[PDB]
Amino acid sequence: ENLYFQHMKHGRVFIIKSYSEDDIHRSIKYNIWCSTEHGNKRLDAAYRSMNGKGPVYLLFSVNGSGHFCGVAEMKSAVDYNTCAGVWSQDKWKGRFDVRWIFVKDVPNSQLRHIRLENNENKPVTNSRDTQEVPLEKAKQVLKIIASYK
């Protein structure tokens, strides 16, 4: 639907791939997330360089689920020294705030014809955790998720 995301002139969009639906549920409940060590650094740099000029959006998907499960906006820098063991595995260390926008399952069939020119033209549905999405393809994904019924 062209009602959604028609004014995102700046900003950046990443794929989040979780091993745990329970971690997603905790993220939705408390509006926080944590990535890999390298993923935290990549999101941190994107959020910091944006300096509030636009949104950093996160497109969430559970590994193996065959569907994306929602969209959240990054709402803080990464805090690296935080309470241990709050997620499904102890290896998830650190925290940043998010704001969930959509919580809805969207089948990969609706998205797999969107290909990423920064990832060897592979379907967006074949992305790994914290793959960055070109802005014009991200707008396409965001509108599909937003309007899917």
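Start at 1 and count along the sequence shown; that's the residue number. We call the rigid core whatever largest set of C-alpha positions still superposes within 1.5 Å between the two forms.
Trainee: Core fit done; bigger CA RMS in 9 other deposited structures of this protein for 129-137 or for 9-17?
Mentor: Evaluated in 9 other deposited structures of this protein, the stretch farther from the shown form is 9-17.
Trainee: Overlaying the structures in 9 other deposited structures of this protein on the rigid core, point out which of 92-100 and 76-84 has the bigger RMS C-alpha shift.
Mentor: Output: 92-100, the stretch lying farther off on average in 9 other deposited structures of this protein.
Trainee: Please compare 46-54 with 89-97 and say which has the higher mean C-alpha temperature factor in the record.
Mentor: Comparing 46-54 with 89-97, the higher average CA B-factor belongs to 46-54.
Trainee: Tell me which stretch, 112-120 or 57-65, has the higher mean Cα B-factor listed in the entry.
Mentor: Comparing averages over the C-alpha atoms only gives 112-120.
Trainee: When the deposited Cα B-factors of this chain's modelled residues are ordered and cut into thirds, is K139 in the lowest, the middle or the highest one?
Mentor: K139: CA B-factor falls in the middle third of its chain.
Trainee: Going by what the PDB entry lists, where does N81 fall on CA B-factor within its chain: lowest, middle or highest third?
Mentor: For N81, the deposited C-alpha B-factor lands in the highest third.
Trainee: Please say which third, lowest, middle or highest, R26 falls into when its CA temperature factor is compared across its chain.
Mentor: For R26, the deposited C-alpha B-factor lands in the lowest third.
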